Amino acid sequence: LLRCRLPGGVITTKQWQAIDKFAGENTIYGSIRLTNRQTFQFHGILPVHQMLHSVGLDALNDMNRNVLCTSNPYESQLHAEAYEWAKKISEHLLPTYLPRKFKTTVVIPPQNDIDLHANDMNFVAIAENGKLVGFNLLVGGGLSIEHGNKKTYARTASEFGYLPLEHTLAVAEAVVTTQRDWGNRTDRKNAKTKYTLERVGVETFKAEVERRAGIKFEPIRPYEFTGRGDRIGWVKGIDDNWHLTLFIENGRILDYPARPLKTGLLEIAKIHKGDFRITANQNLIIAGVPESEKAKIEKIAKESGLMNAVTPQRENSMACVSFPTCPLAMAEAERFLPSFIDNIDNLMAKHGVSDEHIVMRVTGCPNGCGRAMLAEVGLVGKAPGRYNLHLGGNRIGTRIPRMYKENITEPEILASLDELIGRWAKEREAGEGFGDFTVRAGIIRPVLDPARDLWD
Ligand code: SRM
Ligand code: SF4
Ligand SMILES: [K+]
């Protein structure tokens, strides 16, 4: 197992060709696994660094994880700046020992594709006249929990305030350091920033941060999110540039019977003029496509089975790696999801909601890599074929879903959803998402204060 440090998910066609070669040539699985933190994973490496190094990549003692960045912003121009700043925060933070691991992101409203609430440090971009002017800082998100341990909990990030662009690295560093010092010294389950903030208090942590930075935060600047999904298909970029976002189930890239997904990608990488971007949804964007080249690029993806139509539901569903490679797995995730979404699609069609979607995620074990804890409907692995069903999150990802049922099987899970999806389909209001309806209809109480009311 090895994972590369790829800030913002941006990788070159040249780098893509090198890892494709390594994937198939020197690993047991021969696949390329796009992760939900905008990077890739090789499984079963039987040198990796010399090849990484040769193409300019490094595989991060260091508790710093991959820094994310909105991959395909509605205002296409803001990306490059947001991206330059994701790459700087990532280099500035490179080695102070952190009690636990730290996750950071650069978010471009109104897209929360990078699921900011699962992260320790979040820089939410504020722009004027197509120009970034600063960042709204959000601190304290974290999803991991322990089955039956009411002292562990998932938490959403808290707003600290606004700060001008010039004070970005000083803040990122003070946050990191106040965590480094204030993180719990005994146990590692209470180390997380979400825990420290709850122990000292958000204002207390905030002041140390201001004190350490040498600044005083400004009031939070207006921002809202409209979704967390990728823009599957083509979108107009900047100038004559076009963007093709390819859906990749579980982000597992491999050639399949009649579906040369991996070869399709190498063939695309050979002709593509710009680079690629790995999304926070385990998909891939072919960036910087001149209008002239669209026919060429699309034909290849069409050929390889990379543009195969799937329902909106499957486009908005995600699962962690889990079995067979994860030694912490309790129940399948990646290998369970396709079949499960088939079963879900059927139920959505049964209720006249086929054109709709529910943010549905499957996490293998309670560590939470599948981000089911920010899902409208989450599945939390407990045992072989057994999961805890959570409900009540929203489309944008600012609400943690309370456990609705515990230790049940797929058939039991399916029956519970058949029932409620039906309810929602006949009783929801105008454009009312699933999680919201389950909170409005009394199906489940909402988690209003994580550290205190998540658990029943
Ligand atoms: C590949 C990926 C999930 C996916 O299907 O895409 C993944 C897979 C694993 N993560 Fe993760 N996590 C991934 C995103 C996440 C996320 C979600 C996110 O960051 O967006 C979380 C949730 C937020 C959080 O951290 O609170 C997450 C929470 C964990 C943790 C629990 C962390 C904690 O604070 O307790 C562990 C276990 C640990 O570190 O003790 C874990 C451990 C693991 C391990 C390495 C298991 C291990 O330690 O042996 C997994 C290996 C499977 C394999 O063989 O490949 N992984 N992990 C992601 C790797 C991301 C990356 O590129 O760096
Ligand atoms: S959630 Fe658990 S099963 Fe899934 S990849 Fe993370 S550690 Fe493994
Ligand atoms: K995906």
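FYI, side chains are in, hydrogens and waters are out, and symmetry mates aren't considered; it's all heavy atoms of this structure. Residues take their numbers from the sequence shown, with the count starting at 1.
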Engineer: What residue among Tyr223, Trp85, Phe135 forms ring pair (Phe, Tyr, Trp, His ring centres under 6.0 Å) with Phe123?
Structural biologist: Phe135

Engineer: Roughly how far, to the nearest 0.5 Å, is CG of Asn308 from NZ of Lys302?
Structural biologist: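 Reported to 0.5 Å precision, the distance equals 9.5 Å.
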
Engineer: Can a donor-acceptor pair be found, under 3.5 Å and without considering hydrogens, that links the side chain of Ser54 to the backbone of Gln50?
Structural biologist: yes

Engineer: To the nearest 0.5 angstrom, please state how far the CG atom of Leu98 sits from the CG atom of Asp181.
Structural biologist: 10.5 Å

Engineer: Got a salt bridge between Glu412 and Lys405, using NZ or NE/NH1/NH2 to carboxylate O under 4.0 Å?
Structural biologist: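 No, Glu412 and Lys405 are not salt-bridged.
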
Engineer: Does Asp58 come within less than 4.0 Å of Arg5, counting only side-chain N to carboxylate O?
Structural biologist: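 Yes.
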
Engineer: Suppose the criterion is ring-ring contact (aromatic ring centres under 6.0 Å, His included): which pairs have a residue in residues 357-400, not counting sequence neighbours?
Structural biologist: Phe336-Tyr387

Engineer: May I ask you to decide if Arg37's main-chain N or O and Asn66's side chain share a donor-acceptor pair within less than 3.5 Å?
Structural biologist: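 Flag set: sc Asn66 to bb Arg37 pair under 3.5 Å.
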
Engineer: Return the minimal non-hydrogen interatomic distance between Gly364 and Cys320, and the atom names on each side.
Structural biologist: N-SG, 3.0 Å

Engineer: For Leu93 and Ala172, which heavy atoms make the closest approach, and how far apart are they?
Structural biologist: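 In terms of heavy atoms, the two residues are closest at CD2-O, 4.3 Å.
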
Engineer: Show the numbers, then the answer: is there a salt bridge (charged side-chain N to carboxylate O under 4.0 Å, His left out) between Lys299 and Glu267?
Structural biologist: CA-CA 11 Å; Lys299 173 188 267 57; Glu267 281 300 318; over 6 Å; no

Engineer: From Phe205 CZ over to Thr193 OG1, what is the distance, rounded to the nearest 0.5 angstrom?
Structural biologist: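 Between atom CZ of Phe205 and atom OG1 of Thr193 there are 6.0 Å.
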
Engineer: Going through the checks in order, is the side chain to side chain contact (heavy atoms under 4.5 Å, CB included) test met by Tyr74 and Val235?
Structural biologist: CA-CA 9 Å; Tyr74 291 115; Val235 307; over 6 Å; no

Engineer: For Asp449, does its backbone N or O pair with a side-chain atom of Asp453 as donor and acceptor, under 3.5 Å?
Structural biologist: yes

Engineer: Please check if any side-chain donor atom of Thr39 sits under 3.5 Å from a side-chain acceptor atom of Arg3, or the reverse.
Structural biologist: no

Engineer: Inspect the contact between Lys194 and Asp120 and indicate whether a charged nitrogen and a carboxylate oxygen are less than 4.0 angstrom apart.
Structural biologist: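 No, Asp120 and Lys194 are not salt-bridged.
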
Engineer: Using a cut-off of 6.0 Å, state whether more than 12 heavy atoms not belonging to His53 lie near its atom NE2.
Structural biologist: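 Counting other residues, nucleotides and ligands, NE2 of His53 stays at 12 neighbours or fewer.
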
Engineer: Quick one: does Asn64's side chain have a donor or acceptor within less than 3.5 Å of a partner on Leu94's backbone?
Structural biologist: no

Engineer: How about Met121 and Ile89: do any of their side-chain heavy atoms sit closer than 4.5 Å?
Structural biologist: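 With C-beta onward as the side chain, the pair touches.
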
Engineer: Between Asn122 and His117, does any side-chain donor sit less than 3.5 Å from a side-chain acceptor?
Structural biologist: no

Engineer: Could you grab the distance from atom OG1 of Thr398 to atom CG of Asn112, nearest 0.5 Å is fine?
Structural biologist: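 So the gap between those two atoms works out to 8.0 Å.
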
Engineer: What I'd like to find out is whether the side chain of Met330 reaches to under 4.5 Å of the side chain of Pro366, using heavy atoms alone.
Structural biologist: yes

Engineer: Any idea which heavy atoms bring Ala23 and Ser31 closest together, and the distance?
Structural biologist: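 Scanning both residues, the minimum pair turns out to be CB-O, 3.7 Å.
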
Engineer: Between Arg428 and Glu356, is there a salt bridge with N-O shorter than 4.0 Å?
Structural biologist: yes

Engineer: Can you tell me how far apart CD1 (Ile443) and CH2 (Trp424) are? Round to the nearest 0.5 Å.
Structural biologist: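 If we round to the nearest 0.5 Å, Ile443:CD1 and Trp424:CH2 are 11.5 Å apart.
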
Engineer: Between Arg440 and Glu427, does any side-chain N to carboxylate O distance fall below 4.0 Å?
Structural biologist: no

Engineer: Relative to the ring of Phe276, is the ring of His272 parallel (under 30°), tilted (30 to 60°) or perpendicular (over 60°)?
Structural biologist: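 Plane angle under 30°, so parallel.
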
Engineer: What residue among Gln38, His243, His79, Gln111 forms side-chain hydrogen bond (donor to acceptor under 3.5 Å, both in side chains) with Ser71?
Structural biologist: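 In the set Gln38, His243, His79, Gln111, the residue that makes a side-chain hydrogen bond (donor to acceptor under 3.5 Å, both in side chains) with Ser71 is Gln38.
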
Engineer: Okay, side chain of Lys14, backbone of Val55: is any donor-acceptor separation there less than 3.5 Å?
Structural biologist: no

Engineer: Quick check against the 3.5 Å criterion: does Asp255 have a side-chain atom that pairs as donor or acceptor with the backbone of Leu261?
Structural biologist: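 It does hold such a pair.
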
Engineer: May I ask you to say whether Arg361 pairs ionically with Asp115, meaning some side-chain N is under 4.0 Å from a carboxylate O?
Structural biologist: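 Yes, this pair counts.
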
Engineer: If you measure only the distance, is there a donor-acceptor pair under 3.5 Å linking the side chains of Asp275 and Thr12?
Structural biologist: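 Side chains of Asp275 and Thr12: no pair found under 3.5 Å.
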
Engineer: Hey, does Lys189 have a side-chain heavy atom less than 4.5 Å from the side chain of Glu146?
Structural biologist: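 Side chain of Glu146 against side chain of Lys189, heavy atoms only: contact under 4.5 Å found.
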
Engineer: Under a plain distance cut-off of 3.5 Å, with no hydrogens placed, do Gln313 and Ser317 share a side-chain donor-acceptor pair?
Structural biologist: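 Short answer, yes.
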
Engineer: Quick one: closest heavy-atom pair of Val202 and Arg155, and the distance?
Structural biologist: CG2-NH2, 3.8 Å

Engineer: Of the non-hydrogen atoms in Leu52 and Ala59, which two are nearest, and what is the gap between them?
Structural biologist: CD1-CB, 3.8 Å

Engineer: Go through the steps to decide whether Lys262 and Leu266 satisfy the test side chain to side chain contact (heavy atoms under 4.5 Å, CB included), and finish with yes or no.
Structural biologist: CA-CA 7 Å; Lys262 188 160 178 303; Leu266 197 52; 5.8 Å; no

Engineer: Could you check whether any side-chain N or O of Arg399 sits under 3.5 Å from a backbone N or O of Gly392, counting only pairs where one atom can act as donor and the other as acceptor?
Structural biologist: yes

Engineer: Side-chain polar contacts of residues 138-145 - donor-acceptor pairs under 3.5 angstrom, sequence neighbours left out - could you list them?
Structural biologist:
none

Engineer: Would you indicate whether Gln17, at its atom CD, is surrounded by more than 12 heavy atoms from other residues, nucleotides or ligands within a distance under 6.0 Å?
Structural biologist: yes

Engineer: Given side chain to side chain contact (heavy atoms under 4.5 Å, CB included), test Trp16 with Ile268 step by step and report yes or no.
Structural biologist: CA-CA 10 Å; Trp16 184 268; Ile268 285 175; over 6 Å; no

Engineer: Do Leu374 and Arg228 have side-chain heavy atoms sitting under 4.5 Å apart?
Structural biologist: yes

Engineer: Examine distances only and state if a side-chain atom of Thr279 and a backbone atom of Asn281 form a donor-acceptor pair shorter than 3.5 Å.
Structural biologist: yes

Engineer: Can you list everything that forms a ring pair (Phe, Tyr, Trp, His ring centres under 6.0 Å) with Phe42? Sequence neighbours excluded, please.
Structural biologist: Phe22, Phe40

Engineer: Strictly distance-based, threshold 3.5 Å: is any side-chain N or O of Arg277 a donor or acceptor partner for the main-chain N or O of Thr245?
Structural biologist: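 Side chain of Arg277 to backbone of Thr245, a donor-acceptor pair under 3.5 Å: no, none is there.
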
Engineer: So which atom in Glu224 and which in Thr226 form the shortest heavy-atom distance, rounded to 0.1 Å?
Structural biologist: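 Of all heavy-atom pairs spanning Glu224 and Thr226, the closest is OE1-CG2, 4.0 Å.
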
Engineer: Are the side chain of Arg100 and the backbone N or O of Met63 linked by a donor-acceptor pair below 3.5 Å?
Structural biologist: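 The answer is no, because no donor-acceptor pair under 3.5 Å joins these two groups.
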
Engineer: Is a salt bridge present between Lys87 and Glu91, judged by a nitrogen-to-oxygen distance below 4.0 Å?
Structural biologist: yes

Engineer: Going by side-chain contact (heavy atoms from CB on, under 4.5 Å), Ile32 matches just one of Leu284, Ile253, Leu254. Which one?
Structural biologist: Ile253

Engineer: Side chains of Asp345 and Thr311: is there a donor and an acceptor less than 3.5 Å apart?
Structural biologist: yes

Engineer: If you count the non-hydrogen atoms of other residues, nucleotides and ligands that lie under 6.0 Å from CG in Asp187, is the total more than 12?
Structural biologist: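 More than 12 heavy atoms, drawn from other residues, nucleotides or ligands, come within 6.0 Å of this atom.
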
